[PDB]
Amino acid sequence: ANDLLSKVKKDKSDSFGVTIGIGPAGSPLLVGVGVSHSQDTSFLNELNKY
Amino acid sequence: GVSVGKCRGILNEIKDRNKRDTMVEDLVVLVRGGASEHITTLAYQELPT
C-alpha cells in the first residue's frame, strides 16, 4: 500500500495610494491629486495519490 | 505629500505520509506410512493436530 498527498496554498496582497495637494495663494488656487491601487493574488493546489 | 505602501505575502506548505506492511505465512506437512482410511483422514491439508 502506498499513499501520496500534497496540498499547497499561496496568498498575496498589495495596496498603495498617493495623495498630493498643491495650492498657490497670493489669487488663491487649489489642486487636488488622488491615487489608489490594490492587488490581491491567491493560489491553491492539491494533489493526492493512493 | 508623498506616500506609498508595499506589502508582499507568500505561503507554502506540503505534508506527505506513506505506510506499507506485509506478512506471509506458510505451512507444509509430510506424511509417509498408512493406506487405510486413517491416513486418508490424516492427509487432510486443512490445523496441524
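What counts and how
- Residues numbered from 1 in each chain as written, not as in the entry; some residues may be left out.
- Chains lettered and ligands numbered in written order.
- Part of a larger assembly, values for the part shown.
- Heavy atoms only, no water.
- Residues with missing side-chain atoms left out of burial classes, pairs and counts.
- Helix = DSSP H or I, 4+ residues; strand = E, 2+ residues; numbered from the N terminus.
- Rg over C-alpha atoms; globule rule 2.2 N^0.38 Å.
- Buried < 20%, exposed > 50% of the residue type's maximum accessible area, 1.4 Å probe, protein only.
- Areas by Shrake-Rupley, 256 points an atom, 1.4 Å probe, with all protein chains shown as cover.
- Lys, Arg positive; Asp, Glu negative; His and termini not counted.
- Charge placed at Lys NZ, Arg CZ, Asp CG, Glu CD.
- Contact = heavy atoms within 4.5 Å.
- Nonpolar A, V, L, I, M, F, W, Y, C, P; charged D, E, K, R; others polar.
- Polar contact = N/O pair within 3.5 Å; in protein donor to acceptor, adjacent residues only side chain to side chain.

### Focus: the overall build of chain A
Move 1: Within chain A, the secondary structure is distributed over zero helices and four strands.
Move 2: For 50 residues, the compact-globule estimate of 2.2 N^0.38 gives 10 Å, and the C-alpha radius of gyration of chain A, at 25 Å, exceeds that figure by more than 25%.
Move 3: Principal axes of the C-alpha set define a box for chain A whose edges measure 85 × 5 × 5 Å.
Move 4: Residue burial in chain A is summarised as follows: out of 50 residues, 6% are buried.
Move 5: Entry remark: accessible area of chain A is about 4,200 Å², with carbon and sulfur atoms responsible for 57%.
Move 6: Put simply, chain A has 5 plus and 5 minus side-chain charges, and the middle of one group is 5 Å from the middle of the other.

### Considering the interface of chain A and chain B
By a widespread convention, an interface's size corresponds to the accessible area lost as its parts come together.
Move 1: Of the residues lining the interface, 20 residues belong to chain A; the matching set on chain B comes to 19 residues.
Move 2: Listing elements by their share of the side of chain A that touches chain B, those giving two or more residues are strand 1 (4–16) and strand 2 (19–22) of chain A.
Move 3: A total of 13 residues in the side of chain A that touches chain B trace back to one element, the largest contributor, which is strand 1 of chain A.
Move 4: Looking at side-chain class alone, the side of chain A that touches chain B contains seven nonpolar, six polar and seven charged residues.

### Brief notes about the side chain of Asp14 of chain A
Move 1: Its location among the elements puts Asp14 of chain A in strand 1.
Move 2: A distance of 2.7 Å separates a polar atom in the side chain of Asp14 of chain A from the backbone nitrogen of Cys7 of chain B.
Move 3: Apart from the residues within four sequence positions on either side, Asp14 of chain A is in contact with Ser38, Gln39 and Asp40 of chain A together with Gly5, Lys6 and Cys7 of chain B.

### With respect to the environment of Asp3 of chain A
Move 1: Looking at the secondary structure, you find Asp3 of chain A in the segment before strand 1.
Move 2: Considering only alpha carbons, one finds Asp3 of chain A and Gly17 of chain A, 14 residues apart in sequence, at a separation of 48 Å.
Move 3: If near-sequence neighbours (up to four positions away) are discounted, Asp3 of chain A is found in contact with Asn48, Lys49 and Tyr50 of chain A together with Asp16, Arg17 and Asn18 of chain B.

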